[PDB]
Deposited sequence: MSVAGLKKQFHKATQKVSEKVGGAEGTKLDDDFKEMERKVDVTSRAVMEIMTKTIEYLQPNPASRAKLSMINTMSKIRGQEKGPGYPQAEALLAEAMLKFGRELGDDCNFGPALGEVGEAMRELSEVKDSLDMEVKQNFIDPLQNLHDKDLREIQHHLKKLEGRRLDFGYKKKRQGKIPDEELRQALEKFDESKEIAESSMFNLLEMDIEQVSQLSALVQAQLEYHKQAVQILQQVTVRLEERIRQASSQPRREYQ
């Protein structure tokens, strides 16, 4: 008793969608935080070093003060990197985890029940004429009820896929905003170093 080719195609797209969703989530996290114990920013740890050594050196000449300026720039960068991790967790990671825990999970449960009903009907078909026809009819329409529940769940997830595009757009918007802010921070510290070099 073999499910149609259209049902198997939807089921395959649904399996790809689910695997994409988990691997993309994992890889976005590993991109945000390549350090496995982090999954303070690295830029903060650098900021602090530059700042402490700037202070230890004093305001006498030019290097100590430059370290204060660059140290502060790095601290700012870390503030905006911290906002990136938060906005990506909330708007990209969490929506995909929920997708996995709710919609993709219900589908898998639907496929499990369908697999059971399918085997039931398989069995009753072999008992054909030796069992009541009502008993065969029941296995048949129970199998059909399941097939329809599964197929409408898979179909809806596939037709609502523009929501996954909204999630991708959320990841990108957050990175865009982070990078734009980093440009402003660094443009400003650039001016202060160039001035300092020129005097």
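Missing from the model, by position in the deposited sequence, are residues 1 to 26, 66 to 86, 247 to 256.
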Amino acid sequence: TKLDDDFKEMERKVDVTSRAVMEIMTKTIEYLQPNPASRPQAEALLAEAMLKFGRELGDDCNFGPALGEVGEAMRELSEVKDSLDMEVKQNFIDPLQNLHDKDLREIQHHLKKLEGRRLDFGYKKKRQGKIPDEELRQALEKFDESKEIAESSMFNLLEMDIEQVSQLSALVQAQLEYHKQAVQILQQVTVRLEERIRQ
From here on, numbers count along this sequence of modelled residues.
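Taking the PDB entry as given, 127 to 135 carries the higher mean Cα B factor of the two stretches 127 to 135 and 147 to 155. Look at the mean CA B-factor for 45 to 53 and for 136 to 144 in the entry; the higher one is 136 to 144. Looking at 75, 109, 89, 81, the one whose CA carries the top B-factor in the deposited record is 109.
The entry lists C-alpha B-factors for 165, 61, 70, 32, and the highest of these is at 61. Among the modelled residues of its chain, residue 94 has a C-alpha B-factor that falls in the middle third, as given in the PDB entry. When the modelled residues of the chain are ordered by their C-alpha B factor, residue 66 lands in the lowest third.
Sort the chain's modelled residues by C-alpha temperature factor and residue 160 lands in the middle third, per the entry.
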